[PDB]
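Written below as structure tokens is the structure these notes are about.
Neighbour counts run over all protein chains shown; Cβ positions are idealised from the backbone, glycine included. Rule-based calculations on the coordinates, nothing more; no lab input.
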Amino acid sequence: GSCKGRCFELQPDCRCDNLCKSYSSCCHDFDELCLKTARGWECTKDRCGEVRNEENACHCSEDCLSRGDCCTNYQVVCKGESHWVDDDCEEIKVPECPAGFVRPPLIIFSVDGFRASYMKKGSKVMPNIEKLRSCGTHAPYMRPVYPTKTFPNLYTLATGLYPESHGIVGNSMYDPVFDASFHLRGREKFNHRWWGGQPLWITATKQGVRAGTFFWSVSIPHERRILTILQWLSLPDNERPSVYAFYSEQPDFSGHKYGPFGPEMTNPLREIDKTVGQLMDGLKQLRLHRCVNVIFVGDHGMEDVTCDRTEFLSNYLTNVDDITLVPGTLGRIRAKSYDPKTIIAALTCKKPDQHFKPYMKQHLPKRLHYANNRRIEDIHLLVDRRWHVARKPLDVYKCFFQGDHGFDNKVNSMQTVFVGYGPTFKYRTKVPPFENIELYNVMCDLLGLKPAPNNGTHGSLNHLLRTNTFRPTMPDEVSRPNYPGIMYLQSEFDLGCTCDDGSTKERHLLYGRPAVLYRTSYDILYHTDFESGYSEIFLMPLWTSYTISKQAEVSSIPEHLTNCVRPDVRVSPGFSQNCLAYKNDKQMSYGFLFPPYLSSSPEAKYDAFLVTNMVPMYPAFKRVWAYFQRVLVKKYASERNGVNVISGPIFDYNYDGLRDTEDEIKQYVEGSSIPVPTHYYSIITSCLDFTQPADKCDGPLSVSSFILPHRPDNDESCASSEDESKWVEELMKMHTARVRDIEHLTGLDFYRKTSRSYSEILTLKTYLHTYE
Ligand SMILES: *[C@@H]1O[C@H](CO)[C@@H](O[C@@H]2O[C@H](CO)[C@@H](O[C@@H]3O[C@H](CO)[C@@H](O)[C@H](O)[C@@H]3O)[C@H](O)[C@H]2NC(C)=O)[C@H](O)[C@H]1NC(C)=O
Ligand SMILES: O=C(OCc1cc(Cl)cc(Cl)c1)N1CCN(CC[C@@H](O)c2ccc3[nH]c(=O)oc3c2)CC1
Ligand SMILES: CC(C)CCC[C@@H](C)[C@H]1CC[C@H]2[C@@H]3[C@H](O)C=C4C[C@@H](O)CC[C@]4(C)[C@H]3CC[C@]12C
Ligand SMILES: [Ca+2]
Ligand code: NA
Ligand code: NA
Ligand SMILES: [Zn+2]
Ligand SMILES: [Zn+2]
């Protein structure tokens with residue numbers, strides 16, 4: 001019944017752990033013994049050498065070091081030591097830990113709503129943080145997951161999983177299997193049923209590594225959280241955790257009230273830095289300041305949003321009482337106790353300035369990875385940055401907030417911070433921006449743990465670390481290609497088609513053949529202008545590769561070839577598409593993967609009309625694809641000193657972000673076994689050093705990629721009635737993708753033969769071109 005000698009113990013009989021408040025199960029004496037605040041949190045000169053008083057918050061007695069409960073500034077005030085922040089960076093070449101430490105501890109210092117750009121304020125406001133950032137390893141920014149809300153991001157940090165995989169797809173969710181709702185406020189969130197994957201503290205415990213608590217009752221002051229962490233670190237080897245987390249509700253709280261750019265934001269940032277100072281001072285006191293790896297990380301940024309920039313569903317829908325809306329910086333809509341198609345139509349391009357866009361979740365940009373969970377409603381609203389969506393005018397209250405977050409994770413204002421400091425991180429090193437899904441693997445590496453399966457690309461962040469305990473290995477090809485020669489005659493083909501008619505590898509396949517990582521049968525097909533990997537199962541290329549020089553010439557499809565499709569004599573009639581299917585399918589047309597517009601000669605252009613280069617395309621989609629092919633590829637080649645393009649189909653009918661089996665394809669061209677892609681990708685590569693052409697590049701590569709939804713209309717693009725130069729590129733930028741996203745969706749593995757290290761290539765594959 002007592003907390004005596006058990007305050008913040010690590011293990012209905014009453015509790016003294018840091019969460020007992022939140023379960024209201026603290027012992028009677030918990031507040032009096034575990035939450036002392038007398039004399040506050042700093043030693044002063046007159047307190048030095050005091051007789052211990054057990055009522056003090058922390059201690060300045062001679063014995064306090066033997067007890068591990070000195071105030072964090074005790075050595076500075078009472079033994080003439082300097083503050084950690086006043087010492088120069090000294091490179092930490094190896095961990096300097098007490099004997100009997102078996103690995104360097106990790107302290108995750110997470111800051112709620114810490115926008116990346118707040119680092120620009122410097123050592124005047126945040127001297128401790130600025131030193132961590134200077135002396136350690138930092139990124140200019142770290143990309144959060146969608147939605148850019150607290151719980152989905154913190155749990156992503158902890159698990160390496162997209163929200164659709166870990167299950168915390170929002171701060172609020174409804175689970176139809178449970179018939180219950182999860183919210184920030186309430187007891188429901190404490191139920192383990194909501195939480196999937198395997199968070200870091202569990203991964204650690206399962207592998208015999210002790211974790212401190214990762215959650216702090218809001219009642220526990222920040223200074224006490226630091227002292228508790230420091231006290232735990234002074235535990236004997238058999239009890240001491242190896243991983244700890246601190247969380248700060250700032251600067252989020254202030255960011256919401258004043259917005260991200262308020263002068264009132266300086267004080268919260270000063271307070272966070274002061275807390276960082278206390279930890280680093282505390283660590284220095286314990287001589288652990290060259291032992292512990294410290295991660296300073298946020299969950300997401302903060303945007304200017306005021307209640308005056310709110311769209312109301314009641315101005316679109318004829319009855320908003322039939323719907324339940326999860327509102328704000330995103331929208332999720334389901335039936336109250338109603339028809340989806342009607343709802344989407346009523347929300348689509350109805351006002352010129354319309355500040356959100358409806359999507360069926362499967363049509364959301366694939367880069368969001370926000371579909372494959374029963375908690376994500378079919379109907380989704382992407383809200384423009386700076387705006388909210390709500391059900392009706394009465395739902396806005398007057399404004400109480402000037403900042404918010406939750407928007408699309410490529411939005412600048414949503415980006416957050418990463419700093420790594422300690423023996424295992426590099427010294428004075430800047431690394432490119434990366435996604436928070438990657439951190440779990442790193443944290444596992446830092447702790448000697450095997451990560452549970454997750455969505456990071458293990459190895460992609462090796463360049464953050466002085467020492468790597470993980471070397472990635474390139475996956476093995478599963479299917480070997482065939483290289484068919486000419487073995488069928490024109491007259492053997494009955495495809496209903498009609499037409500009025502080996503340095504390929506050096507030129508067109510710059511980074512090696514893509515490896516097929518699933519069992520299938522496919523053919524390598526060579527031509528003057530392009531190479532392709534043609535699937536006998538799907539009757540089309542898995543990929544088509546070609547290189548367009550800066551100086552390449554765009555030509556038209558001549559009239560006499562407008563409807564030309566030619567049989568490919570290297571491939572059987574039985575493993576080819578047929579033109580009758582397209583003639584019969586009233587809604588479906590076709591396009592070409594290698595564009596006829598970029599043929600090297602009139603003679604070569606005939607290759608582009610081979611049936612093995614043809615893919616099913618809605619006429620609506622052809623507007624987008626034809627523009628990309630006719631105008632944008634030349635534009636990119638001209639800007640980037642040539643480009644290599646790999647394009648192809650994706651099939652993801654079950655919207656899990658993973659390539660479909662034949663079994664999962666739900667749509668075929670009428671009367672045929674020609675599957676309809678859900679998306680078309682392209683990967684566009686050139687030299688990072690643009691003074692070198694794409695085909696003669698000695699160094700780092702530069703990539704941008706997209707996964708375009710293969711839609712029968714352009715309802716997504718409200719300006720699609722206009723010329724393609726007004727909207728298609730905007731469409732493409734929205735559906736920007738990582739190469740890795742394409743790899744998951746195709747079963748292909750790119751960049752197998754380059755002059756770059758595999759870890760560098762993994763970094764390249766995880767890059768997202770954001771266009772901000
Ligand atoms: C993000 O990472 C997660 C975790 O690795 C991936 O989810 C995992 O996906 C696999 C493959 O679908 C699931 O394994 C499979 O489970 C089924 C059904 O139980 C079984 O029939 C198969 O034999 C196979 O083992 C696995 O459950 C699942 N893990 C989760 C949800 O935690 C996910 O695919 C990744 N997402 C992307 C877009 O790459
Ligand atoms: O200490 C914690 O975890 C630290 C941690 C670190 C790491 Cl790396 C991983 C993990 Cl898994 C957890 N806690 C997490 C939740 N937090 C209150 C949330 C709630 O008060 C809140 C906060 C901000 C909001 N913004 C908003 O719009 O609504 C909000 C609601 C306090 C307890
Ligand atoms: C003040 C409030 C915001 C605090 C709320 C914290 C709450 C969400 C935490 C408390 C306990 C946590 C669970 C616990 O660590 C065990 C597991 C096992 C793991 O495999 C899945 C996660 C889960 C259920 C934790 C989820 C987060 C919980 C409920
Ligand atoms: Ca799939
Ligand atoms: Na047709
Ligand atoms: Na349109
Ligand atoms: Zn947050
Ligand atoms: Zn917030």
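Take the conditions within 14 Å of ligand 2 (Cβ to nearest atom) and not acidic (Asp, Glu) and apply them to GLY160. Does it pass? Can you show your working first?
Values: within 14 Å of ligand 2 (Cβ to nearest atom): yes; not acidic (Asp, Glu): yes.
It is true that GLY160 is within 14 Å of ligand 2 (Cβ to nearest atom) and not acidic (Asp, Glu).
Of (1) closer than 28 Å to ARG756 by Cα; (2) of a type in the set (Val, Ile, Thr); (3) more than 16 Å from ligand 2 (Cβ to nearest atom), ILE437 satisfies all except one. Which?
(3)
Does region 752-760 contain any residue that is within 16 Å of ligand 4 (Cβ to nearest atom) and of a type in the set (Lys, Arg)?
No; the residues of region 752-760 include none that is within 16 Å of ligand 4 (Cβ to nearest atom) and of a type in the set (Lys, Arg).
Scanning region 135-154 for residues that are aromatic (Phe, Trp, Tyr) and more than 16 Å from ligand 1 (Cβ to nearest atom), which turns out farthest from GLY170 (Cα to Cα)?
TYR141
Output the residues belonging to region 1-52 that are surrounded by fewer than 13 Cβ atoms within 10 Å (Cβ to Cβ), out of contact with any strand residue (DSSP E or B) (no Cβ under 7 Å at 6 or more places or on another chain) and outside any loop (DSSP other than H, G, I, E, B).
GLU32, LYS45, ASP46
Could you say which residue among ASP408, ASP378, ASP395 is within 22 Å of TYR771 (Cβ to Cβ), among the acidic types (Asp, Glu) and away from ligand 3 (no atom under 16 Å from the Cβ)?
Criteria check complete, one pass: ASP408.
Any idea which residue in region 710-741 is farthest from ligand 2 (Cβ to nearest atom), counting only those that are farther than 30 Å from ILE437 by Cβ and of a type in the set (D, E, K, R)?
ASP723
Might you check whether a residue that is closer than 30 Å to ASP353 by Cβ and of a type outside the set (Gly, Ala, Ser) occurs anywhere in region 272-281? If you could, list the steps in order and put the result at the bottom.
First, the residues of region 272-281 that are closer than 30 Å to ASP353 by Cβ: none.
The answer is no; no qualifying residue exists.
List every residue pair whose Cβ atoms sit under 6 Å apart, with the two residues 6 or more apart in sequence or on different chains, where the first one lies in region 133-152 and is hydroxyl-bearing (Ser, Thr, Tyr) and the second, anywhere, is in a helix (DSSP H, G or I) and away from ligand 3 (no atom under 16 Å from the Cβ).
Correct list of pairs: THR137/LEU464; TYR141/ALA116; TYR146/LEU368; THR148/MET414.
Anything in region 573-588 that is buried (at least 16 other Cβ atoms within 10 Å of the Cβ) and either basic (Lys, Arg) or assigned to a loop (DSSP other than H, G, I, E, B) (or both)? List them, or say none.
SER576, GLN577, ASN578, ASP585, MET588 - these are the residues of region 573-588 that are buried (at least 16 other Cβ atoms within 10 Å of the Cβ) and either basic (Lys, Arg) or assigned to a loop (DSSP other than H, G, I, E, B) (or both).
Kindly indicate which of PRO567, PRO596 is over 15 Å from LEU708 (Cα atoms), crowded, with 19+ Cβ neighbours inside 10 Å, touching a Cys at 6+ places or on another chain (Cβ under 8 Å) and not aliphatic (A, V, I, L, M).
Values: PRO596 fails: touching a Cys at 6+ places or on another chain (Cβ under 8 Å).
Only one candidate qualifies: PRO567.
To keep it simple, each residue is scored yes or no on (1) more than 16 Å from ligand 2 (Cβ to nearest atom); (2) not charged (D, E, K, R).
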{"position": "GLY136", "(1), (2)": "yes, yes"}
{"position": "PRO140", "(1), (2)": "yes, yes"}
{"position": "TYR146", "(1), (2)": "no, yes"}
{"position": "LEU154", "(1), (2)": "no, yes"}
{"position": "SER165", "(1), (2)": "no, yes"}
{"position": "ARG193", "(1), (2)": "yes, no"}
{"position": "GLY196", "(1), (2)": "no, yes"}
{"position": "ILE202", "(1), (2)": "no, yes"}
{"position": "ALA211", "(1), (2)": "no, yes"}
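Output the residues belonging to region 337-388 that are crowded, with 19+ Cβ neighbours inside 10 Å and in a strand (DSSP E or B).
Of everything in region 337-388, those that are crowded, with 19+ Cβ neighbours inside 10 Å and in a strand (DSSP E or B) turn out to be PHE356, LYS357, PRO358, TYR359, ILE379, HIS380, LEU381, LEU382, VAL383, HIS388.
Looking at (1) assigned to a strand (DSSP E or B); (2) touching a helix residue (DSSP H, G or I) at 6+ places or on another chain (Cβ under 8 Å), which is the only condition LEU439 fails?
Going through the list (1) assigned to a strand (DSSP E or B); (2) touching a helix residue (DSSP H, G or I) at 6+ places or on another chain (Cβ under 8 Å), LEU439 breaks only (1).
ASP273 versus (1) under 25 Å from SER248 (Cβ atoms); (2) buried (at least 20 other Cβ atoms within 10 Å of the Cβ); (3) of a type in the set (D, E, K, R); (4) touching a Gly at 6+ places or on another chain (Cβ under 9 Å): which is the lone unmet condition?
In the conditions (1) under 25 Å from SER248 (Cβ atoms); (2) buried (at least 20 other Cβ atoms within 10 Å of the Cβ); (3) of a type in the set (D, E, K, R); (4) touching a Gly at 6+ places or on another chain (Cβ under 9 Å), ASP273 misses (4) alone.
Test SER61 against the stated conditions and say whether it is part of a loop (DSSP other than H, G, I, E, B) and either under 41 Å from the mean Cα position of the chain (by Cα) or within 22 Å of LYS131 (Cα to Cα) (or both). Full working, then the answer.
Details: part of a loop (DSSP other than H, G, I, E, B): yes; either under 41 Å from the mean Cα position of the chain (by Cα) or within 22 Å of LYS131 (Cα to Cα) (or both): no.
Taking the combined requirement at face value, the residue does not satisfy it.
List the helices (runs of 4 or more DSSP H) inside region 702-772, counting only whole elements, that have at least 1 residues being over 26 Å from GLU477 (Cβ atoms).
728-734
Name the residue that is surrounded by the most Cβ atoms within 10 Å (Cβ to Cβ), counting only residues in region 389-439 that are basic (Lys, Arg) and closer than 30 Å to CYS291 by Cβ. So that I can check it myself, show each step before the final result.
Narrowing region 389-439 to residues basic (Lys, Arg): 391-392, 398, 410, 426, 428, 430.
From what's left, closer than 30 Å to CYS291 by Cβ: 426, 428, 430.
Values: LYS426: 18, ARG428: 12, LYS430: 10.
Top of the filtered list is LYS426.
Pick from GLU81, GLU62, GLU9: which is more than 21 Å from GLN278 (Cα to Cα) and among the acidic types (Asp, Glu)?
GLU9
Considering only region 298-307, how many residues are in contact with a helix residue (DSSP H, G or I) (Cβ under 7 Å, 6 or more places away or on another chain) and either surrounded by fewer than 24 Cβ atoms within 10 Å (Cβ to Cβ) or in a strand (DSSP E or B) (or both)? Reasoning before the result, please.
So the first thing to find is which residues in region 298-307 are in contact with a helix residue (DSSP H, G or I) (Cβ under 7 Å, 6 or more places away or on another chain), and the list is 299-303.
With the extra rule that they be either surrounded by fewer than 24 Cβ atoms within 10 Å (Cβ to Cβ) or in a strand (DSSP E or B) (or both), the set shrinks to 303.
Count: 1.
Do any helices (runs of 4 or more DSSP H) entirely within region 141-227 hold 3 or more residues that are away from ligand 4 (no atom under 16 Å from the Cβ), and if so, which?
150-159, 200-206
Which residue pairs have Cβ atoms under 7 Å apart, sit 6 or more places apart or on different chains, and have a first residue in region 104-127 that is polar (S, T, N, Q) and a second that is more than 16 Å from ligand 7 (Cβ to nearest atom)?
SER123/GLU130
Restricting to region 249-265, give me the number of residues that are farther than 25 Å from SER217 by Cα and either part of a helix (DSSP H, G or I) or among the charged types (D, E, K, R) (or both).
Total meeting the criteria: 2.
Name the pairs whose Cβ atoms lie under 9 Å apart, with the first residue in region 608-631 and in a strand (DSSP E or B), the second surrounded by fewer than 22 Cβ atoms within 10 Å (Cβ to Cβ) and of a type in the set (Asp, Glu), and 6 or more positions between them or separate chains?
Final answer for the pair search is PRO616/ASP585.
Inspect all residues belonging to region 86-98 and state whether any of them is more than 16 Å from ligand 3 (Cβ to nearest atom), assigned to a helix (DSSP H, G or I) and not aliphatic (A, V, I, L, M).
yes
Criterion first (within 12 Å of ligand 2 (Cβ to nearest atom) and either closer than 20 Å to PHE109 by Cβ or crowded, with 23+ Cβ neighbours inside 10 Å (or both)) does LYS189 satisfy it?
So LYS189 does not fit the description; no.
Considering only region 194-223, how many residues are over 24 Å from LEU446 (Cα atoms) and either over 24 Å from the mean Cα position of the chain (by Cα) or among the small types (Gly, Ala, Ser) (or both)?
Here the count works out to 7.
For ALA180, only one of the following conditions fails: (1) surrounded by fewer than 19 Cβ atoms within 10 Å (Cβ to Cβ); (2) aliphatic (A, V, I, L, M); (3) within 16 Å of ligand 8 (Cβ to nearest atom). What is its number?
Result: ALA180 fails condition (3) only.
For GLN667, all conditions in the list (1) within 30 Å of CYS579 (Cβ to Cβ); (2) in contact with an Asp or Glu (Cβ under 9 Å, 6 or more places away or on another chain) hold save one; what is the number of the exception?
(2)
Please state which of the following conditions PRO140 fails to meet, knowing it meets all the rest: (1) within 20 Å of the chain's Cα centre (by Cα); (2) more than 15 Å from ligand 8 (Cβ to nearest atom); (3) crowded, with 21+ Cβ neighbours inside 10 Å; (4) not β-branched (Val, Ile, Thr).
Here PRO140 clears every test but (3).
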